[PDB]
Amino acid sequence: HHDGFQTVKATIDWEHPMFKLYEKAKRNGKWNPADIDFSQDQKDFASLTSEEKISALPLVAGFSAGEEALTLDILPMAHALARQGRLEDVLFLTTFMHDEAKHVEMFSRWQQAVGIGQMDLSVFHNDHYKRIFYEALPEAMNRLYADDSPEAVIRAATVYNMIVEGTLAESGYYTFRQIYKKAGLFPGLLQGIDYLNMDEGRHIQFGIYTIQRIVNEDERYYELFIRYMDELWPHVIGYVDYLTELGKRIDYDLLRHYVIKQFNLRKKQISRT
Amino acid sequence: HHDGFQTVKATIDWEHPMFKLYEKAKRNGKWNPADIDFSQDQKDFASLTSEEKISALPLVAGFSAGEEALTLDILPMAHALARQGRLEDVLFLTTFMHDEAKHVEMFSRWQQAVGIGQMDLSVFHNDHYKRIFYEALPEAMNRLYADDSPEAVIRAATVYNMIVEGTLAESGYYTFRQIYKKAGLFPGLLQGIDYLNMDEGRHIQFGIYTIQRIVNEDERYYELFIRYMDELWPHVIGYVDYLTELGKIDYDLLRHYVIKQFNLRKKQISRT
Ligand SMILES: CCCCCCCCCCCC(=O)O
Ligand SMILES: CCCCCCCCCCCC(=O)O
Ligand SMILES: [Fe+2]
Ligand SMILES: [Fe+2]
Ligand SMILES: [Fe+2]
Ligand SMILES: [Fe+2]
Ligand SMILES: [Mn+2]
Ligand SMILES: [Mn+2]
């Protein structure tokens, strides 16, 4: 039941940082996956040999499931914040959810255009990927439906925004650029990564804001954050190591360093105070 | 746990009705309430006498809370359809939810701009309004977290889309355009309501699709639908009586429009 409603008793808190992020989202989130021209990606992918074709599919496999997972699995967080009456957070999170929807859309349109929609790409999800995306992500998020304690929220934001988005996805978009922008391939996909990467800059700020406002209330949660971050690293690097051993069948060692740098960069964006 | 992912094993169902609605929402849902100029609404409202001022507030009280409730209360529908694997529905529902947020945002900006933001407008929610918006809507939606049965999804769509949106809000925005476009008042608010009314045309199609695809399985659900509508009617009309009495403009035109809207919704679902 609703006790009452903030916009009948008062107003939106116009100064709230998440309301300010919501405003920037509507401003900067107008791109439409449907408007991306994929006709050259179609040609590029066709003129690839069968061996140069496989090279692209693992990254794509991780993005398409990842974004679909991201779209489904933000709903518990939106629910938990709404129940706590953090209305500006909810407003913003509508833009987050609809961004992820566009992310899933873009990757699927790409698959359709280049002619692999009928192909099952689950075979490039190794155990470590499954542990993050099939299991640890929805488990941490669905927890919020019955346990919205600071500890559960910090863990949801850590898995979702700091590890999946902030470490894995940031690194894979960097990687996709590294490899394909230089080879001059898949411009429609690269336009779409570009849009996606701008969206995700907002998503991470919500994750930082959420972890930090929980840390601010009790510095003991800073150690929970660092700990959960470290608990997921083995699967982060286990997914990375698997992708490397596939591509090795392109400086993998400067991609591996970027994943590590991203991981440590996220850590340093939360302070104990 | 995720069993797998549709866009790794296959693709989006590009021909699904809710994906087509999703595609349309993106095309047609670009408005930003931050861009509406409310400077004249401020002046108009200040030009009103104290008695004229309070004549506007109950309808605004109904709208602001209603859009707030609607933003919060679609989330369980998103979850339950997501849990059933209806990805294209979920994609659409992201545009539905972001629309409602813009709707709440608009009315709050209007209250801020005309200088009534500090004023608690709950006083204009009577017992019938509270029955619907504080209680029945959130009960119906939250049910879906533990009971996604046909009966539960029908009852959620019936209350959310068919009564709240399709009967009460449709009639309210009709009511407001009629009174204030004729008075030449609140041009920024009226512009936001035009935008809102376009959004909401997509929303009602999702609710029609949802209720009819379930009814299509079993015509026992058509009778469930009709009953859930009639169950809510005494509160719809009780709130309409409350506002008309407050006001006391052709009140009987407006009141008959609500009944029209309610019958209209009934007739958008067919037994087969
Ligand atoms: C050695 C490869 C380095 C790149 C690692 C990033 C892999 C992550 C793929 C994207 C997963 C996702 O967020 O959807
Ligand atoms: C004077 C006749 C009243 C017409 C119905 C007005 C109902 C207004 C409340 C709408 C709230 C909402 O569903 O967002
Ligand atoms: Fe994201
Ligand atoms: Fe391993
Ligand atoms: Fe709506
Ligand atoms: Fe009554
Ligand atoms: Mn994304
Ligand atoms: Mn609305």
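- For this deposition, the record names X-ray crystallography as the technique by which the model was determined and cites 1.982 Å as its resolution.

- Within the PDB entry, the label attached to chain B reads Ribonucleotide reductase small subunit, and the organism entered is Geobacillus kaustophilus.
- For chain B, the Sequence similarities (unreviewed entry) comment in UniProt is given as "Belongs to the ribonucleoside diphosphate reductase small chain family. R2-like ligand binding oxidase subfamily."

- The name given to chain A in the PDB entry is Ribonucleotide reductase small subunit, and the organism recorded there is Geobacillus kaustophilus.
- Quoted verbatim from the Sequence similarities (unreviewed entry) field of UniProt, the annotation for chain A is "Belongs to the ribonucleoside diphosphate reductase small chain family. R2-like ligand binding oxidase subfamily."

So, the overall build of chain B
Here is step 1 of the chain: Looking only at helices and strands, chain B has eleven helices and zero strands in total.
Here is step 2 of the chain: The C-alpha atoms of chain B give 19 Å as radius of gyration, which agrees with the globular expectation for 272 residues (19 Å, within 12%).
Here is step 3 of the chain: Principal-axis analysis of the C-alpha atoms gives chain B an extent of 65 × 40 × 30 Å.
Here is step 4 of the chain: Burial statistics for chain B: of 272 residues in total, 62% are counted as buried.
Here is step 5 of the chain: About 10400 Å² of surface is accessible on chain B, with carbon and sulfur atoms providing 51% of the total.
Here is step 6 of the chain: Charged side chains of chain B number 30 positive and 40 negative; the gap between the two group centres comes to 4 Å.

Points about the UniProt feature "binding site: Mn(2+) 3" (unreviewed entry) in chain B
Residues and elements named next belong to chain B.
Here is step 1 of the chain: Summarizing the sequence annotation, UniProt attributes the feature "binding site: Mn(2+) 3" (unreviewed entry) to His128 in the numbering used throughout.
Here is step 2 of the chain: Note on placement: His128 falls in helix α7 (residues 127–142).
Here is step 3 of the chain: Since its relative accessible area comes to 22%, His128 is described here as partly exposed.
Here is step 4 of the chain: With sequence-adjacent residues up to four places away left out, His128 is seen in contact with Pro234, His235, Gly238 and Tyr239.

Let's talk about unusual backbone geometry
Here is step 1 of the chain: Positive phi values are uncommon outside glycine, yet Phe186 of chain A reaches one of about 60°.
Here is step 2 of the chain: Here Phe186 of chain A is to be found in the loop between α9 (150–183) and α10 (187–217).
Here is step 3 of the chain: Unusually for a residue other than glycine, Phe186 of chain B sits at a positive phi of about 65°.
Here is step 4 of the chain: Residue placement: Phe186 of chain B occurs in the loop between α8 (150–183) and α9 (187–217).
Here is step 5 of the chain: You can call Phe186 of chain B buried: its relative accessible area is 0%.

With respect to the coordination of the iron ion (ligand 3)
Residues and elements named next belong to chain A.
Here is step 1 of the chain: Looking at the iron ion (ligand 3), the protein donor atoms are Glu100 (OE), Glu165 (OE), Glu165 (OE), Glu200 (OE), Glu200 (OE) and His203 (ND1), and they sit 1.9 to 2.4 Å from it.
Here is step 2 of the chain: Geometry at the iron ion (ligand 3) is irregular, judged from the six donor atoms that bind it and their angles of 57 to 160° at the metal.
Here is step 3 of the chain: Relative accessible area serves as the criterion here: at 4%, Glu165 is assigned to the buried category.
Here is step 4 of the chain: Here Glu200 falls in the buried class, since its relative accessible area comes to 5%.

A closer look at the packing of helix α3 (residues 39–47) of chain A against α10 of chain A
Residue and element names in this part refer to chain A.
Here is step 1 of the chain: Where α3 meets α10, the closest approach of the two axes is 6 Å, and the angle between their N-to-C directions is 125°. Taken together, the axis directions place α3 and α10 in an arrangement best described as oblique. The residues of α10 that touch α3, namely those facing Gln40, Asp41 and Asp44, are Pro187, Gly188 and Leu189.
Here is step 2 of the chain: A breakdown of the residues in the contact of α3 with α10 according to their chemical character gives two nonpolar, two polar and two charged.

Some words on the site of ligand 2
Residues and elements named next belong to chain B.
Here is step 1 of the chain: Close contacts around ligand 2 come from 17 residues, with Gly62, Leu168, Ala169, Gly172 and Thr175 the closest.
Here is step 2 of the chain: Burial of ligand 2 by the protein chains amounts to 98% of its free accessible area of 440 Å².
Here is step 3 of the chain: Mapped by element, the contributors of at least two residues to the shell around ligand 2 are α4 (50–73), α8 and α10 (220–247).
Here is step 4 of the chain: Across the shell around ligand 2, the residue classes break down as eleven nonpolar, five polar and one charged.

What to know about α10 of chain A
Here is step 1 of the chain: End to end, α10 of chain A covers 46 Å across 31 residues, agreeing with the expected 45 Å (1.5 Å per residue, within 8%).
Here is step 2 of the chain: Taken across its 31 residues, α10 of chain A has 22 buried, putting it largely inside the fold.

Definitions and limits used
Residues numbered from 1 in each chain as written, not as in the entry; some residues may be left out. Chains lettered and ligands numbered in written order. Heavy atoms only, no water. UniProt positions renumbered as here; feature names shortened; annotations may be inferred. Helix = DSSP H or I, 4+ residues; strand = E, 2+ residues; numbered from the N terminus. Rg over C-alpha atoms; globule rule 2.2 N^0.38 Å. Buried < 20%, exposed > 50% of the residue type's maximum accessible area, 1.4 Å probe, protein only. Areas by Shrake-Rupley, 256 points an atom, 1.4 Å probe, with all protein chains shown as cover. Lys, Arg positive; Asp, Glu negative; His and termini not counted. Charge placed at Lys NZ, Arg CZ, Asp CG, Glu CD. Contact = heavy atoms within 4.5 Å. Donors = N, O, S within 2.8 Å, 3.2 Å for Na, K, Ca; no water. Tetrahedral: all angles 85-135°; square planar, octahedral: opposite > 155°, others 65-115°. Axes fitted to C-alpha atoms, helices over the stretch in contact; angles between N-to-C directions. Parallel < 35°, antiparallel > 145°, perpendicular 65-115°, else oblique. Nonpolar A, V, L, I, M, F, W, Y, C, P; charged D, E, K, R; others polar. Near = heavy atom within 4 Å. Expected span 1.5 Å × (residues − 1).

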